[PDB]
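Chains as they are written, first to last, in this note's numbering: chain A, 1 to 613; chain B, 1001 to 1204; chain C, 2001 to 2205.
C-beta atoms are modelled at their ideal positions from N, C-alpha and C, and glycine is treated no differently.
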Amino acid sequence: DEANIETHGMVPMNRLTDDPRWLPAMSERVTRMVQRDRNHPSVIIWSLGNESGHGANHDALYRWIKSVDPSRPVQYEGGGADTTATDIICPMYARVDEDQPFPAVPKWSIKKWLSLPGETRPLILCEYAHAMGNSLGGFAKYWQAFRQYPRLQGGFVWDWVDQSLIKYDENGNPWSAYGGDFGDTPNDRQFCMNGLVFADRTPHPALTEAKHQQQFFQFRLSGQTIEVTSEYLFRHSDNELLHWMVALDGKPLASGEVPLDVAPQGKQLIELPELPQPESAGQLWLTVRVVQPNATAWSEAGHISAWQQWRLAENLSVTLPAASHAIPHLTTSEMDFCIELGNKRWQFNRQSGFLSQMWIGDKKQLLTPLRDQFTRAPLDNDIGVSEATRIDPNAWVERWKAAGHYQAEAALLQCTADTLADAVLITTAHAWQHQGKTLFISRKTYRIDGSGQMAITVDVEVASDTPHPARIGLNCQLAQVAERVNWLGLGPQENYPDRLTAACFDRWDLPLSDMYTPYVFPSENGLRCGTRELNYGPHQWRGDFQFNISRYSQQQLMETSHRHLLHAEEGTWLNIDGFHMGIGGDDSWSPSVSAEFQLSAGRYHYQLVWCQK
Amino acid sequence: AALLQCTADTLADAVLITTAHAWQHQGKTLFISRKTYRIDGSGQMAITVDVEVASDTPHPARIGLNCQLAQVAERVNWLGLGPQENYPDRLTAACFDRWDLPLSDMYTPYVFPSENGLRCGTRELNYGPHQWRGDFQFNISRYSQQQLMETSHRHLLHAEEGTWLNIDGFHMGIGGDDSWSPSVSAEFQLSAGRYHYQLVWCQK
Amino acid sequence: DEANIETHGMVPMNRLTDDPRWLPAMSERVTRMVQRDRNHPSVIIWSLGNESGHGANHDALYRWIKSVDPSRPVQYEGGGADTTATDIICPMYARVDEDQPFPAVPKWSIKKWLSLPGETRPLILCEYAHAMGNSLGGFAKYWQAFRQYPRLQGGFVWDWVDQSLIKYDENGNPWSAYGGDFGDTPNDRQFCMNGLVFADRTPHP
Ligand SMILES: [Mg+2]
Ligand SMILES: [Mg+2]
């Protein structure tokens, strides 16, 4: 609970608090709270105010709470969260490993706070993990330090529900309004969402990550025994059933159910029976989940609370997919390479050096040719506080715009034609320049198998002065529209290379509209990671990659502002990428992507195989 | 090892020979490797290697290749890091510059004979009439690799004929903070599952 | 500086120390040190012993140093390096990020020592970075934490010089001998080097 004080506008932020002419008007908002809310059993921590500087009055009211009710502690944040007007330390937005110094109000690192000379109090965070748009990246690193150290205690997540308002058009259909669009000046135009769910209510994708790291059971594997440990403090395990399943490539072999009962703060060992070993290639996966059988007051029957996955002993493929008896044929022109095989054929535009048109039928498979891609639509965690009038150089979007990633273009260097005994090999190199400075280098080889599949190998090379690029991959525009998509990898939600601790590796099936996640502010969405097989319509893709298929393009998400003004384009845009950047973050105005997950190797490699039917 | 496949290819300006291998033991397949050989028209050679490691056997030591050259020279010339030795976990001391030394300083005689003398992060290697380009780690020695494992003292080693040369792509940190428990930290182990490297042989 | 006490063989390692029949023979090796080395300006930290368990005698001599010379601190290692017989924490071979638990004598992580409930003293390591053969790997990670945190202070490196002995063959040429090759039983055959330089002297890499 909290009184009603905030003075976040004055210069400096302790003018109306330190001056003692304002003591009567300020001490009628704390006294008349305590006399209203002191019988209830729920409130355990009082708090004075938020973002109002430090002064003498915040020391004056503190003994007034601590002298008329001694059974609860008192918490206060502003001024650095160390002063005499508090009992438990509570910084806002403090990082985990790195630290940043300011004049006169530092924010030290969370492991460094406790070891300063003469410090004994605990530490509960008041605000962490800002959550606008795609966020809650790097969330898993907090919940290792929260369980290893004894004296850290946890934190509070900003914020739960959106703040949107509705408004009607001339058709009668509504659309969610935001910020300063009613007709006021001035405004701030994006900082009103702060969403973990929508305003309906209907859950974001970002919630099911926070469900997983906060679970009440912890599991650990050893040999052939599984170990279950608890995290309750008062309750005995009355209704819990364990549910185990072994899996090979989407085909089940063994399953079972074991009843469970653990003491508080105890341990239990569960012995697994023998499991049959397969003969073909594959990685054996093990999945364990926890199910309640009866209905409580706050849940129905059949609720799920905890899960965990591991990798078991495996076996690797030995034989070779060879061979077939069909031989491809090729022929040349001054604009196009024509490589056919029976019904199916391929064409190569000379000047772009790209795949111009692929054929099944008598049917146009594609419109836009096969091309590399090096960027994304700017999310909220890299737009900063920059706008069209005031600029800021430390944000990511202004550095990329400054160097010229969005503007640069390619120039061709070399394409050669080769004919093997069973295949053909077409080699092509490219380079991207801007204002006379050479940005990026790429070299790729195309191989056309005799069976019917295609083998593509890519070698990219990045200069060391320009800032680090967003993605490394390629995209295209398919012409047919289907109903469902089928991927073999991770699911069922979305996930990024920094937020992937929540999924499990299994087969999944969904229709098309669930892949697009409509945010209120339109940006990039819907990448699936770690997959090994992709199936859509009549087409097939194999390798190790990250992907997203969408109805919408990539440029139109960058240009517009609202979510009700998007229109559907024809065809389906498909985007396949090799290596990708974490999103963070812990603030939204300073960059907060951690250094381990950036893209700074200098050299990279990836391989993929196209296939029909 | 057991061989699987080798094919011969003739381009317009080059030739391409493709070869795959696999290593097994007691009926369980340990390691997989696939490599391509390309012979340029200028005089140089281009070699590309793709290796693949199973996920149950513990993590291997190095990933590379070695050979036995027949001529003996006086000095070696490398372009990269120097002048001492360095490993991928102990490399904060060198600087990136040209260096020149005679042969005997490359072998560091410990009293207990073991592995020694890898140079890391280099970009050019020159010894005698030969030339190697890419991005790699290397050591050239008078001694073999097996005889360092077998014996016990340092005064009982004898010199073999020729020069053994060893070139490696990716390598393991050594630690450590104890000597009875393992102490190599988890960040510098070799657990990706897939790896890639490329190198170019050249004469004169 | 250090007195002359080590009892690393008995079972358990506090038999000859906790039993008070051995107090006179043990308190003639600390008293006659302090009266020999107290005028010099170089010594700044006294130390009782190494690897000898914990008992009552190590609490008994501690006030005897801290009552006849108050101008220097007193350091002691064994038993977990937390007990009442010391003033500055000194674990041996403690790691930096991961930790390993033992029964009854843990070795917690070096950033985790200072944040336990009711702990205020500094921390100087007594032994770190064992150095036989190719070693001193991962050494750079200590010297980031030594400069970021205020209250850590540094450590001591084992060991400086090799312990080799010479012996002659029939040719007259020498070779460095090690361990149990003279003709004794038993032996340990590699743990005598611990080298940062050779025995000449000539520096390691
Ligand atoms: Mg405010
Ligand atoms: Mg000892």
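Classified as buried, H204(A) has 16 or more neighbouring CB atoms from the shown chains inside 10 Å of its CB. Straight-line spacing of the CA atoms in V593(A) and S553(A) works out to 26 Å. Remark: the C-beta of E6(A) is in contact range of ligand 1, defined as less than 7 Å to any heavy atom.
Sequence-ordered contacts of the segment 2126-2137 of chain C with chain B read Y2128, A2129, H2130, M2132, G2133, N2134, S2135, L2136 and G2137 [C-beta pairs closer than 9 Å].
C-alpha of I549(A) to C-alpha of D509(A): approximately 14 Å in a straight line. By the rule that beta-carbons nearer than 8 Å mark a contact, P2150(C) touches chain A. Against chain A, the beta carbon of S1055(B) has neighbours under 9 Å at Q283, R311, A313, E314 and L316, listed in chain order. Within 7 Å of the C-beta of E409(A) there is not a single heavy atom belonging to ligand 1. Assignment of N1126(B) by DSSP, reduced to helix, strand and coil, places it in the strand class. Between the alpha carbons of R1098(B) and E1124(B) lies a distance of about 10 Å. Listed in chain order, the non-local C-beta contacts of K251(A) below 6 Å within the same chain number zero, local neighbours out to five positions each way being set aside. Taking CB atoms only, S2115(C) has a neighbour in chain A less than 8 Å away. Taking a Cβ-Cβ threshold of 7 Å, the residues of chain A close to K2111(C) are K111, in chain order.
If you ignore the 5 residues before and after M2033(C), its C-beta comes within less than 6 Å of the C-beta of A2003, all in its own chain and listed in chain order.
Annotation for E51(A) indicates a beta carbon within 7 Å of some heavy atom of ligand 1.
Around the Cβ of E77(A), a 10 Å sphere holds 16 or more other Cβ atoms; the residue is buried. Per DSSP, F1170(B) is one residue of the beta strand (DSSP E) stretching across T1163 to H1171. The continuous alpha helix (DSSP H) containing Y2062(C) extends over residues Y2062 to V2068. At a cut-off of 8 Å between beta carbons, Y2093(C) contacts chain B. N2057(C) and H212(A) have their C-alpha atoms spaced approximately 53 Å apart. With contacts defined as CB atoms closer than 8 Å, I88(A) and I65(A) fail to qualify as a contacting pair. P259(A) carries a strand assignment under DSSP once its states are collapsed to helix, strand and coil. Chain order gives the chain C residues near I1174(B) as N2134 and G2137, where near means a beta carbon separation below 7 Å.
Straight-line measurement puts the Cα of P2174(C) at about 5 Å from the Cα of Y2168(C).
In the DSSP assignment, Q75(A) forms a beta bridge with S47(A).
Straight across, the Cα-Cα distance linking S442(A) with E461(A) is about 6 Å. In this structure, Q1147(B) is the residue among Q1147(B), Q1131(B) and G1082(B) with its C-alpha nearest to the C-alpha of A1159(B). Annotated three-state conformation of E1187(B) is helix, per DSSP.
Partner residues in the beta bridge of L123(A), as assigned by DSSP, are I89(A) and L152(A). Here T416(A) is bridged, per DSSP, to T427(A).
In chain order, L284 and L286 place their CB closer than 6 Å to the CB of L312(A), counting only its own chain and leaving out the 5 sequence neighbours on each side. When Cβ-Cβ separations below 8 Å define contact, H1155(B) makes contact with chain C. At a cut-off of 8 Å between C-beta atoms, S1179(B) counts as an interface residue with respect to chain C.
Interface with chain C (8 Å Cβ-Cβ cutoff): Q1131(B) is excluded. Contact annotation: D380(A) and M92(A) have beta-carbon atoms that are not nearer than 8 Å.
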